[PDB]
Amino acid sequence: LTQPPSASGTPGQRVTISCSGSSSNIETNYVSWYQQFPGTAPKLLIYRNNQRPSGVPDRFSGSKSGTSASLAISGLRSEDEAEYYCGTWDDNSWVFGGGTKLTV
Amino acid sequence: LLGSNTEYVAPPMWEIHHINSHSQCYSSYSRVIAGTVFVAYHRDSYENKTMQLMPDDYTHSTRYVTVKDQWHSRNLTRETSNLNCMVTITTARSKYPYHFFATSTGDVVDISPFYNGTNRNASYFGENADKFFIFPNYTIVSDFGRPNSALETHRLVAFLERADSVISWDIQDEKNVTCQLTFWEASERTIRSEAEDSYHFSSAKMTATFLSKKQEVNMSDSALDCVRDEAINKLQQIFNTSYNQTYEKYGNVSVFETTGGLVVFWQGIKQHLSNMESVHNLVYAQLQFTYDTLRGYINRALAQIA
Amino acid sequence: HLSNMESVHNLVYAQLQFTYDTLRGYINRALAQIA
Amino acid sequence: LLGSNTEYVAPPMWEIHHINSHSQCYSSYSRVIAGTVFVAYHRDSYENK
Amino acid sequence: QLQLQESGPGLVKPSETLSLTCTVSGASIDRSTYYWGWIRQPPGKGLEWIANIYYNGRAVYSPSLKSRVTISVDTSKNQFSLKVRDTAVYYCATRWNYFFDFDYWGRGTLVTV
Ligand SMILES: *[C@@H]1O[C@H](CO)[C@@H](O[C@@H]2O[C@H](CO)[C@@H](O)[C@H](O)[C@H]2NC(C)=O)[C@H](O)[C@H]1NC(C)=O
Ligand SMILES: *[C@@H]1O[C@H](CO)[C@@H](O)[C@H](O)[C@H]1NC(C)=O
Ligand SMILES: *[C@@H]1O[C@H](CO)[C@@H](O)[C@H](O)[C@H]1NC(C)=O
Ligand SMILES: *[C@@H]1O[C@H](CO)[C@@H](O)[C@H](O)[C@H]1NC(C)=O
Ligand SMILES: *[C@@H]1O[C@H](CO)[C@@H](O)[C@H](O)[C@H]1NC(C)=O
Ligand SMILES: *[C@@H]1O[C@H](CO)[C@@H](O)[C@H](O)[C@H]1NC(C)=O
Ligand SMILES: *[C@@H]1O[C@H](CO)[C@@H](O)[C@H](O)[C@H]1NC(C)=O
Ligand SMILES: *[C@@H]1O[C@H](CO)[C@@H](O)[C@H](O)[C@H]1NC(C)=O
Ligand SMILES: *[C@@H]1O[C@H](CO)[C@@H](O)[C@H](O)[C@H]1NC(C)=O
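Residue numbers (the working numbering), protein chains in the order written: chain A, 4 to 107; chain B, 722 to 1027; chain C, 151 to 185; chain D, 6 to 54; chain E, 1109 to 1221.
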């Protein structure tokens, strides 16, 4: 899997992140995203694509097509500074992308 | 005439999906045991044709069947197989805290009827993980009896897939559908005399007196949410169509859990929740009412005498 | 003209009414002859 | 040793009338299903005693 | 509620075997299990998936570890372990929910090679 190690935005910008893998993975399954504050364990943020667990506001977003996904954190604010990881099931097991430090 | 084995079997899931999206079953069962797959057909030598469901004849149950008779035929011992696909609909009850439901037909499921795929932390799942499925916006043939029938799209549907059957229910919202308190009665003009360790809510109209611990319950207890709004509107309803407006609201609406386990909504006038159940015979409160009244009255007289 | 109701199982509700009836009957008697 | 189907069956009404007016049953069950009638006897090859 | 802690050695000499055991205060595994796997992260790096096991003996590994890994399960004491024959912080997260994917995480202490 593939992720660009950083991203940027001023408080109130619709910041986005891509998520690149092969057709073995993201093509025929479900994407999950995780907001890991540094020094803690990751919280699921988006499950089975677009769907948001209880707690995660509408600000975070989901999107998938081909062998690459996306995560649109609109209305970006301060506490949203963390480590976002995407990942699904390849044909045999579970994988993660690189990771991304959101900085506001 | 010779024997008659008859075994009751769950359809395959692809067929479940067919059944309830087309109101019809396939005229063949197939199950693999050990190595090879085995297979039965409806009338002998038949093909794999589709068969539509039609209504049975009746209890609280509602059945739909694909064959309404039994069949056979005449040198050596021959064994015909009668294949019947049958969809039946039973009411299932389940009581708090809903860690399992059960049907009148002896099915018992250890899953919460409100285990929305997400909320296992605030719910319960405890059947075979292997066999349980859930499908968001899921189509259903809306009436298996008629074959033209329109289509419904159910929000969330579960499938449990047992040995004798596949069980399906529509997943609902807890709290939206279940409330754990019920309006018993309202007492206009109740009298909250205070005592040593307890308030006494004496009502003449309902001929009884209720005692609560001196610390009222937090109104923001989640337990109260399903009747919270009704109770106030039940209250304000009275102070509006009961007495004149020489009286006026003293203090906020406060709630009390009574010994015995009623729950009381109080609103004065002038000029943290026990898992307990409610007590069944309310004489214990008419008794308290009796004592309270005679003792109140006796002291009054004997005082004005002395 | 006859309620399809069932009979009530614990008859304290009538011993209760009996208690009240008796003490109240008796209390009023005394307090009257006192006053 | 092999299988053992056992099915529980209502007598015909003429037999009901026999049973309870004579204290005895006939040693044969017969039911028609689809076309032909089928029939069972008590010990094998028995008659209708 | 679900609960996951972790114990085990915190100083491993190269090529020698590591054992990591994750305790759960669910507190049970059942045929109602879904998956329980290992997840490692080198400090300052990203996340890496290790192994994964059900209440049955079967399990799924990542060939990136060239099956150097070998996980075990003891339902008796309500725990599942792991055997390896590269230095990072570790974790045990699971599946406790139809839908979702990996949810409910357990801090897994640090180990260095
Ligand atoms: C599954 O159930 C949970 C309840 O455990 C739902 O959470 C409710 O929805 C929001 C939370 O985002 C609140 O407004 C409610 O008060 C929550 N209720 C409770 C009891 O926590 C959750 O939304 C449900 N999800 C689905 C997809 O049905
Ligand atoms: C009957 O048809 C269904 C779908 O058309 C198929 O999945 C099933 O295996 C068939 N059964 C047979 C051929 O016995
Ligand atoms: C699980 O549910 C309980 C009860 O609502 C809640 O207090 C707790 O925070 C929940 N745990 C998680 C991880 O959401
Ligand atoms: C259909 O399902 C999707 C995803 O579960 C959901 O967003 C949508 O609201 C559903 N449709 C309706 C009418 O609720
Ligand atoms: C439960 O809540 C949903 C969402 O508002 C609503 O559409 C539905 O009608 C409610 N169910 C009942 C029985 O009121
Ligand atoms: C009642 O509980 C709510 C939250 O549950 C809290 O905001 C409020 O202060 C509580 N009232 C008390 C403790 O008197
Ligand atoms: C109850 O009071 C409200 C305002 O407090 C008033 O609008 C309403 O008409 C009253 N109800 C009746 C039946 O008079
Ligand atoms: C009633 O509530 C109001 C505001 O909601 C508060 O100012 C007042 O102190 C309360 N009175 C009580 C709790 O007796
Ligand atoms: C046995 O006898 C009864 C009356 O004698 C008759 O109705 C019945 O058909 C007979 N069963 C046979 C011959 O199998």
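Idealized CB from N, CA, C, for every residue including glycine.
Of the other Cβ atoms in all chains shown, fewer than 16 fall within 10 Å of the Cβ of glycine 724/B; this residue is therefore exposed.
The three-state secondary structure of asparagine 973/B, taken from DSSP, is strand. When secondary structure is reduced to three states using DSSP, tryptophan 1144/E falls in the strand class.
Closest in C-alpha terms to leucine 105/A, from the list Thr19/A, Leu4/A, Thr5/A, comes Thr19/A. In this structure, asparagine 965/B has its CB at a distance of at least 6 Å from all heavy atoms of ligand 7. Across the stretch 990-1005 of chain B, CB contacts with chain C closer than 9 Å involve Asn1002, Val1004, in sequence order along the chain. Look at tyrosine 88/A: its C-beta is under 7 Å from a C-beta on chain E.
At a cut-off of 7 Å between C-beta atoms, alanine 916/B does not count as an interface residue with respect to chain E. Here the alpha carbon of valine 162/C sits roughly 19 Å from the alpha carbon of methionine 155/C. For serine 57/A, the number of other beta carbons within 10 angstroms of its own is below 16, and it is reported as exposed.
Only those residues of the stretch 20-35 of chain A whose C-beta falls short of 9 Å from the nearest C-beta of chain E are listed: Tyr33, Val34, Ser35. Interface residue (Cβ-Cβ distance to chain D less than 7 Å): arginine 795/B is classified as such. Contact annotation: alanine 1167/E and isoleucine 1158/E have beta-carbon atoms that are not nearer than 7 Å. Within 6 Å of the C-beta of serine 35/D there is not a single heavy atom belonging to ligand 1. Contact residues of the stretch 1111-1143 of chain E toward chain B are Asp1138, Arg1139, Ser1140, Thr1141, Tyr1142 (C-beta to C-beta distance below 8 Å). Interface flag for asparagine 1164/E against chain B is unset, since no Cβ pair is found closer than 7 Å. In the DSSP assignment, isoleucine 38/D falls outside any beta strand (DSSP E) and carries neither an H nor an E. Boundaries of the alpha helix (DSSP H) harbouring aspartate 171/C: 162-184, taken from the DSSP string.
Placement of the Cβ of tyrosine 747/B at a distance of less than 6 Å from at least one heavy atom of ligand 2 is found. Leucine 774/B sits in coil when the DSSP states are folded into three classes, being neither helix nor strand.
The beta carbon of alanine 843/B sits closer than 6 Å to at least one heavy atom of ligand 3. Sorting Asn954/B, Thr874/B, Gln957/B, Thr980/B by C-alpha distance to the C-alpha of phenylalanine 922/B places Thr980/B at the top. Not a single heavy atom of ligand 2 lies less than 6 Å from the C-beta of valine 730/B. Scanning its chain for C-beta atoms nearer than 8 Å, with the 5 sequence neighbours on each side dropped, one finds around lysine 54/D the residues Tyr31, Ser32, in chain order. Sequence-distant partners of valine 829/B (beyond 5 residues in either direction) whose C-beta falls short of 6 Å from its own C-beta, in its chain, are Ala823. Judged by DSSP in its simplified three-state form, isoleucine 888/B adopts coil rather than helix or strand.
With contact defined as three or more Cβ pairs closer than 8 Å, the stretch 887-903 of chain B and the stretch 964-978 of chain B are not in contact. In this structure, DSSP gives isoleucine 1137/E a state outside helix and strand, which the three-state scheme calls coil. Within the stretch 1198-1210 of chain E, contact with chain B at the beta-carbon level (separation under 8 Å) is assigned to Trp1204, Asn1205, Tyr1206, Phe1207, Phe1208.
Minimum Cα-Cα distance from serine 889/B among the listed residues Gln745/B, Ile737/B, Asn803/B corresponds to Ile737/B. Here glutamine 992/B has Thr967, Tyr968 as same chain residues with Cβ atoms under 7 Å from its own Cβ, once five neighbours each way along the sequence are excluded. The C-alpha of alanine 1135/E lies about 30 Å from the C-alpha of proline 1150/E. Against chain B, the CB of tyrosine 170/C has a partner CB under 7 Å away; the residue lies at that interface. By the rule that beta-carbons nearer than 7 Å mark a contact, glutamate 20/D does not touch chain B.
In the same chain as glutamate 84/A, and ignoring 5 residues on each side of it, the C-beta atoms closer than 7 Å to its own belong to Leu105, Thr106, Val107, in chain order.
From the beta-carbon of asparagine 849/B, the residues of chain E found nearer than 9 Å are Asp1138, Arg1139, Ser1140.
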